[PDB]
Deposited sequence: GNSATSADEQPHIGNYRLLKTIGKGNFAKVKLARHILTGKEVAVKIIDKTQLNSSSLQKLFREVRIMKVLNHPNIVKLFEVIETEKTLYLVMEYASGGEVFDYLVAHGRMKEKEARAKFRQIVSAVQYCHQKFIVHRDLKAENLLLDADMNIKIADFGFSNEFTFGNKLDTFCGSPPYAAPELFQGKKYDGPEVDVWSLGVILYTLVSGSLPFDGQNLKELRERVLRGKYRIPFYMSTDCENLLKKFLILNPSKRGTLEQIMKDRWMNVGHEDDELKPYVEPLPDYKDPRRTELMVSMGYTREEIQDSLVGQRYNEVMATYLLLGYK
């Protein structure tokens, strides 16, 4: 069922297909987005190319790593890290609310990841529980949307900046510890009325710290919103981590010269030469893909 070096196995998403697959050369499992470009309107094509630019650049243990991009005139393939544990939504529906200790663990990962995005002036602009995935080890991997929307969407304000993500993150925290959305309703006009006033139900079991942290995210006025760096200093964020406070993620420097992997690739028939070129050039080709994939 071959494209590049990948044995396709089950589909796992449709609507653009997502196939789970084996990298022939390393035997590693990965997910392959298959995208029919011939079917995409102009601004979908925009958002696709953008997504791709961003994919290429983020390197955080809780954002899904991109491995390979195979472009053809009609079809684009995005080969990427596969989160076996599925959505966080699912897990909530499944086991109900998270105890605060667990929400915190997931949530540190979440805030870290989005802060990292921000360092690179990337805003996710549309976060949801449908975007938060889980690996084998219950780690977050970042990959419908009304109840996440910031107030400014319903005031026709500009909806451009980082503070959009901050509001979002408030909703996510709230869902993570309560098992439900802080602003709901059976229709858009209710939903909006509720988002705009900004009040939300405080569940009786919720710790006061938790509620204090919510108040740092869900502030109505955009320009009065914390940065994620500031929020990163919050007490609830840090309970259980008295020594390793959440600080902005620092990504580690590239290493395109790993002898372990280079040797293995040379066997495979790759040249030290191209291996270098592809890595330095950040080509995301079969050579880059392989090197990265052997990192596992």
Practice problem: Return the ranges of the deposited sequence not covered by C-alpha coordinates, sorted by sequence position. | Solution: 1 to 10, 26 to 27, 156 to 173, 327
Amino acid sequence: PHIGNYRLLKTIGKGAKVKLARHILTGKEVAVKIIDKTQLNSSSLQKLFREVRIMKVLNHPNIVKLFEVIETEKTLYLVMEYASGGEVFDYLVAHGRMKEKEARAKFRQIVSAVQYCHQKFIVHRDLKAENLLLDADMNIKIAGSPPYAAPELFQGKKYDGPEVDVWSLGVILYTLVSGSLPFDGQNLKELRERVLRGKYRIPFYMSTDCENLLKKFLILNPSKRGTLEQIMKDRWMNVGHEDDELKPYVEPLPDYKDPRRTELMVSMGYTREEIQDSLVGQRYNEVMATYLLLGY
From here on, numbers count along this sequence of modelled residues.
Quiz item: Out of 245 to 253 and 64 to 72, which one has CA B-factors that are higher on average in the deposited record?
Solution: 245 to 253
Quiz item: Which of the two stretches, 75 to 83 or 118 to 126, shows the higher mean Cα temperature factor in the record?
Solution: 118 to 126
Exercise. Could you check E211, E100, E193, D135 and tell me which one carries the biggest Cα B-factor in the deposited entry?
Key: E193
Quiz prompt | Highest recorded Cα temperature factor - choice among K224, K216, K106, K141 | solution = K224
Exercise. Pull the Cα B-factor of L8 out of the PDB entry and bin it into the chain's lowest, middle or highest third.
Key: highest
Practice problem: Pull the Cα B-factor of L294 out of the PDB entry and bin it into the chain's lowest, middle or highest third. | Solution: highest
Quiz item: Hey, what third does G170 fall into on Cα B-factor, ranked over its chain?
Solution: lowest
Quiz item: Compared with the other modelled residues in the chain, in which third is the CA B-factor of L40?
Solution: middle
Practice problem: Using the B-factors in the PDB entry, rank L181's C-alpha atom against the chain and give the third, lowest, middle or highest. | Solution: middle
